[PDB]
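> below is the structure, and that's it, no one-letter string:
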């Protein structure tokens, strides 16, 4: 089944249900996933209306870009020349700048393939938007298959050499209760390195660090508590997890991380070289999600992209987007209940 | 009565019916007007889906900007410096540049006042969009009365010094059929002067002209065919009308233009100083509207704004907008059937 409903402020809500009866929903407001249930269970963090996103937190579950993460001083060197993008967080560019693509209503088309439904969102990023050279014709496809697979496929073309490194901003919470800490979940990640943050400013510092000893080792499945009730100076800094993890094996084939709670689990797969893991260190913010105040560590992301920092640590990779070249990315969230 | 419907590609169709049974409809795509009927007959041009607009012609009935008209060489001078805007038509900047505001899905909130139904459309022009310094926060309100009054109230505020001068691109066709030329309409226009174009380039010349002794003289009501038939240099140039006409008296109180066909007539009020008139000189192009091939002279617009060309003819006014100041503009289309 497929059901289209009005989400508010002119936005649509596209909800898909598979043969397993698993539901899922997206909105054209920021090309996001609004919810994902399983037995009246929310496996993610979400609001009930567009207004909620615009008033409480516009990032949750959205497609964020053109550049995801922070960019020191909003500076970027394109084909030599220095460009300054919109400074969102102090002098930094946080997820594309002010009022970026997560706040825009994307047009969309749905394609019912039977065992899979795809909702293709499109939006054009004008030449110069937020300092970004262009224009960048972007599209984000959100599909749900009959065998519990949540897939995101990115595509982009630009008239001008530019930068492009978007990501999906979902937060998970198997407790289905925002007032419940993601503390109890087990995490597995095929990351042995990590990118430390210099300050509270949260920019990168320049290091790459062998996470081998350190509690930030989820190679072996281990509870979230280990990292939460921990003392690295890094965890203390961010008051949880607000770091970019680098993966050992590259390729869409591989499970790169696993989020599990009891019988229900969520597996990760990307095309990308990194997964930024943010564990909602909001403290007493307490954003309401379904009339339920979120708690510190109320959820966790798995933002798959090219690590933020590239600008300072080229070893990270190259976020540029050649004019005319077709950008592509694929990330997958596969839910299991074995 | 108020009715909302999906219009296609993620867009909505908002239809307002008055006590008189007159219906009007708008879209968030381009904050535009899709239709306006009385007695089962259209008074304007428009399509039946969002795709038609993006496919055949995205201008009709749309909100156009940030700057309505053509800017020679895309050049505008702001606060001392010179800026180059998106070059959309040759070296020109036509209607805000490529993939502008008329191409976007705006958000909206409906206000029902009974005898009046307001539909407020919102959109943020990001700093740097199509070369426009910014952020520009805009809202365009479309309302419809029990006394058949359609009004467009515009609003805007920028973070930086910029330029702003949008318009409403509606096309009327009192025949209710694109295949029937508007030649048969009566026009009355309170304008003594007009700004001539210099070439098929349609850029401005630098000249203001006294239209007394010309077929372009509409002070005293006359049939449209009088102008179409003219052998006036300009008329011949454009193959009809495609000029800004400078209104003599200014003020929202005055009827500046009246377009009539039989018992039906549209009166035009605005706070702006000029009216750009374009009689769809589409030759054999034959754009299909409602399955009807539009004829050359198959429509006529009334684009209320500051006359285009001020850049080369400062006499025309000043299009700038200073950071912080509130831009506002009001234009009204009123239906009488007397």
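Done, it's in. Numbers count the residues shown, from 1 in each chain, chains lettered A, B, ... in the order given.
> could you use CA atoms for every contact and neighbour count after this?
Noted.
> show me the helices in the stretch 151-300 of chain A, by range?
For the stretch 151-300 of chain A, applying DSSP state H, counting those that start in this stretch gives helices covering A:224-228, A:233-238.
> next, the residues that contact the first one from outside, please.
Contacts with helix A:224-228, where a contact means C-alpha atoms under 8 Å, 6 or more residues apart in numbering or on different chains, come from A:182, A:183, A:184, A:185, A:186, A:187, A:215, A:216, A:235, A:240, A:241.
> beta partners of residue A:197?
Note on residue A:197: beta-bridge partners residue A:204, judged by DSSP bridges.
> roughly how far apart are it and chain B?
Distance, residue A:197 to chain B, using C-alpha to the nearest C-alpha, to the nearest Å: 29 Å.
> need the contact list for that residue.
Contact analysis of residue A:197 by C-alpha under 8 Å, 6+ apart lists A:203, A:204, A:205, A:234, A:243.
> if we can go back for a sec, export the helices of the stretch 151-300 of chain A to TSV and tack on distance to residue A:267 and mean neighbour count?
Formatted as TSV, those follow (distance: least, C-alpha to C-alpha, whole Å; neighbours: other C-alpha atoms under 10 Å in any protein chain shown):
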stretch	distance to residue A:267	mean neighbour count
helix A:224-228	16	19
helix A:233-238	24	16
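> hmm, back to that, now, which of the contacts of helix A:224-228 sits nearest residue B:39?
residue A:182 (61.5 Å; C-alpha to C-alpha).
> next, count neighbours for the closest one.
29 (other C-alpha atoms under 10 Å in any protein chain shown).
> out of everything not next to it in sequence, what's closest to whatever residue of the stretch 51-200 of chain A ends up closest to chain B?
Ranked by C-alpha to the nearest C-alpha, the top residue of the stretch 51-200 of chain A for proximity to chain B is residue A:129, at 4.3 Å. Distance criterion C-alpha to C-alpha, 6 or more residues apart in numbering or on different chains; nearest residue to residue A:129, sequence neighbours excluded, is residue B:129 at 4.3 Å.
> which residues touch the residue lying closest to residue A:257 once chain neighbours are set aside?
Using C-alpha to C-alpha, 6+ apart and skipping the chain neighbours, the partner closest in space to residue A:257 is residue A:189 (4.1 Å). Neighbouring residues of residue A:189 by C-alpha under 8 Å, 6+ apart: A:218, A:219, A:220, A:221, A:247, A:256, A:257, A:258.
> switch to 7 Å and redo it
Residues counted as contacts of residue A:189 (C-alpha atoms under 7 Å, 6 or more residues apart in numbering or on different chains) are A:218, A:219, A:256, A:257, A:258.
> then residue A:290?
The contact partners of residue A:290, by C-alpha under 7 Å, 6+ apart, come to residue A:47.
> spell out which parts of chain A neighbour chain B.
Chain A has residues A:9-10, A:12, A:105, A:107-109, A:126-131 near chain B, with proximity defined as C-alpha under 7 Å from any C-alpha of the partner chain.
> and these, which are buried?
The neighbour count (16 or more other C-alpha atoms under 10 Å in any protein chain shown) marks A:9, A:10, A:12, A:105, A:107, A:108, A:126, A:127, A:128, A:129, A:130, A:131 as buried among these.
> which pair of the residues you listed spans the longest distance?
Comparing every pair within those by C-alpha to C-alpha identifies A:12 and A:131 as the most remote, at 29.0 Å.
> count the neighbours of the nearest residue to residue A:192 once chain neighbours are set aside for me.
Nearest residue to residue A:192, sequence neighbours excluded (C-alpha to C-alpha, 6+ apart): residue A:211, at 5.4 Å. Counted with other C-alpha under 10 Å, residues neighbouring residue A:211 total 17.
> for residue A:211, give me its contacts.
A:192, A:193, A:194, A:217.
> what's the distance between it and residue A:303?
From residue A:211 across to residue A:303, the span is 19 Å (C-alpha to C-alpha, to the nearest Å).
> make JSON lines out of the buried ones among the residues of chain A next to chain B and add secondary structure.
Putting those into JSON lines (DSSP: H, G, I helix; E, B strand; the rest coil) gives the following:
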{"residue": "A:9", "secondary structure": "coil"}
{"residue": "A:10", "secondary structure": "coil"}
{"residue": "A:12", "secondary structure": "strand"}
{"residue": "A:105", "secondary structure": "strand"}
{"residue": "A:107", "secondary structure": "strand"}
{"residue": "A:108", "secondary structure": "strand"}
{"residue": "A:126", "secondary structure": "coil"}
{"residue": "A:127", "secondary structure": "coil"}
{"residue": "A:128", "secondary structure": "coil"}
{"residue": "A:129", "secondary structure": "strand"}
{"residue": "A:130", "secondary structure": "coil"}
{"residue": "A:131", "secondary structure": "coil"}
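> before we move on, back to that, most surrounded residue in the contacts of helix A:224-228?
In terms of neighbours by other C-alpha under 10 Å, these top out with residue A:182 at 29 neighbours.
> what's the closest non-adjacent residue to it?
Nearest non-adjacent residue to residue A:182 (C-alpha to C-alpha, 6+ apart): residue A:299, at 5.4 Å.
> residues contacting the one you found?
Counting by C-alpha under 7 Å, 6+ apart, residue A:299 makes contact with A:171, A:172, A:173, A:181, A:182, A:279, A:280.
> neighbours of the last one, just the number please.
Right, residue A:280. Residue A:280 has 22 nearby residues by other C-alpha under 10 Å.
> OK, contacts around the closest residue to residue A:283 other than its chain neighbours?
Nearest residue to residue A:283, sequence neighbours excluded (C-alpha to C-alpha, 6+ apart): residue A:296, at 4.5 Å. Residues in contact with residue A:296 (C-alpha under 7 Å, 6+ apart) are A:181, A:280, A:281, A:282, A:283, A:284.
> ok, now how distant is residue A:296 from residue A:279?
Separation of residue A:296 from residue A:279 (C-alpha to C-alpha) stands at 8 Å.
> can you check residue A:170 too?
Distance from residue A:170 to residue A:279, counting by C-alpha to C-alpha: 11 Å.
> kindly report the same for residue A:88.
To residue A:279, residue A:88 is 21 Å away according to C-alpha to C-alpha.
> of the two, give the one with the bigger neighbour count.
More crowded of residue A:88 and residue A:279, by other C-alpha under 10 Å: residue A:279, with 26 against 19.
> isn't the more buried one up against residue A:297?
Yes. Distance between residue A:279 and residue A:297: 5.4 Å, which falls inside the contact criterion (C-alpha atoms under 7 Å).
> so who does residue A:247 touch?
For residue A:247, the contacting residues are A:190, A:191, A:273, A:274, by C-alpha under 7 Å, 6+ apart.
> between the residues you listed, which is nearest residue B:330?
Each of the contacts of residue A:247 was scored against residue B:330 by C-alpha to C-alpha, and residue A:274 proved nearest at 51.1 Å.
> can you report how many residues lie near the nearest residue to that closest one once chain neighbours are set aside?
Spatial nearest neighbour of residue A:274, excluding adjacent residues (C-alpha to C-alpha, 6+ apart): residue A:246 at 4.7 Å. Using other C-alpha under 10 Å, residue A:246 has 24 other residues around it.
> and the gap between residue A:246 and chain B?
Distance from residue A:246 to chain B, by C-alpha to the nearest C-alpha: 33 Å.
> bridged to that residue, which residues?
Note on residue A:246: beta-bridge partners by DSSP bridges are residue A:193, residue A:274.
> what residues does it make contact with?
Counting by C-alpha under 7 Å, 6+ apart, residue A:246 touches A:191, A:193, A:194, A:273, A:274, A:275.
> looks like the last one contacts residue A:308 (just checking).
No. Residue A:275 sits out of contact with residue A:308 when judged by C-alpha under 7 Å, with a separation of 9.8 Å.
> looking at the helices of the stretch 151-300 of chain A, which is closest to residue A:159?
helix A:233-238 (38.4 Å).
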